[PDB]
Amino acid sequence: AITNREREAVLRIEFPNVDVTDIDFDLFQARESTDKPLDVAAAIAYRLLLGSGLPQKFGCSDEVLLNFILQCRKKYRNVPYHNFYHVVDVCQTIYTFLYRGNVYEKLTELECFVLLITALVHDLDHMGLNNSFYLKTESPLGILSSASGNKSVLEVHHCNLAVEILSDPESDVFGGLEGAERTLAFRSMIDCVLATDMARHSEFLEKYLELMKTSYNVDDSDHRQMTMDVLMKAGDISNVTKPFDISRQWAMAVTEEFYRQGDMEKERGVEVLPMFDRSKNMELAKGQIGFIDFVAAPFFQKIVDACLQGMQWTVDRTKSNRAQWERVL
């Protein structure tokens, strides 16, 4: 259970002059303009969610929401990219897709609450190593994945820890729900987290696009779940949709993390993909262009054109940053 001093250090932070709901919100500046960035990161998620009125509508008390955010924070490690700031960023970004991009019309209010909560658990206990690393090294989590027949090594791990956090009534943000609602909350959270495995990127993307070939049915379960998976995925790959100074800082962080994995693979005598090679060097600009061309740009263009017209800015900023990385060359 959380200490009173730990809760007070977060509770006391407010943002009257910095709008945490804006598409231009700068998390790097929020971290850099305080001596307690992990407390400010937790307060951003706390104030964003209480500010929405969503937890209150689903019987999640302020204290339970805070206990939950701090329990999540405790399970994030000191790695360059997959740290607590990434999930706070994903939470904030998804909030913009829902309420600035109008995707809230495509989901129920409960599903919006579930998605924002899911953003905070989606990478619990990441060590800055991808799924492939655990399998190539025969690490315990890889062995567990292989034996249990689940190829999403880390995503299943993230689900286990999410369920553990929520098993404590004092951090159960779904504790105010009952019956079908409570079942939907756990089921949707788990499916959203499992949808973040990038080995399944094209699978989830094309499954969504095909269900959207026939008129979107907001009355349908599969339709809303696929929208939730697509929005979780969109937040995960949203660093390319931000202002350049921000998008560049995310690129630096992911590069440093990837390079540390590559150094660990070199030390262990396992295969190193060029993207993870520290000593060998690739231009940051080349890496981001590749990521945009083969992953981010087709994903956002396709989801915007099929249904998410309000998220058109994601397509525009991706091109703006892509053209900026071309100039950096």
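Just count from 1 along the sequence shown to find any residue number.
Taking the mean C-alpha B-factor of each stretch as recorded, 311 to 319 and 15 to 23 are not equal, and the higher mean is that of 311 to 319.
Stretches 178 to 186 and 79 to 87 differ in mean CA B factor, with 178 to 186 having the higher one. In the PDB entry, the Cα temperature factor peaks, among 195, 116, 209, 173, at 209.
Ranked within its chain, residue 30 lands in the middle third, by CA B factor from the PDB record.
Among the modelled residues of its chain, residue 92 has a C-alpha B-factor that falls in the lowest third according to the deposited record. Ranked against the other modelled residues of its chain, the C-alpha B-factor of residue 59 as given in the entry falls in the middle third. For residue 47, the recorded CA temperature factor ranks within the lowest third of the chain's modelled residues. For residue 67, the recorded CA B-factor ranks within the lowest third of the chain. Only modelled residues enter the ranking.
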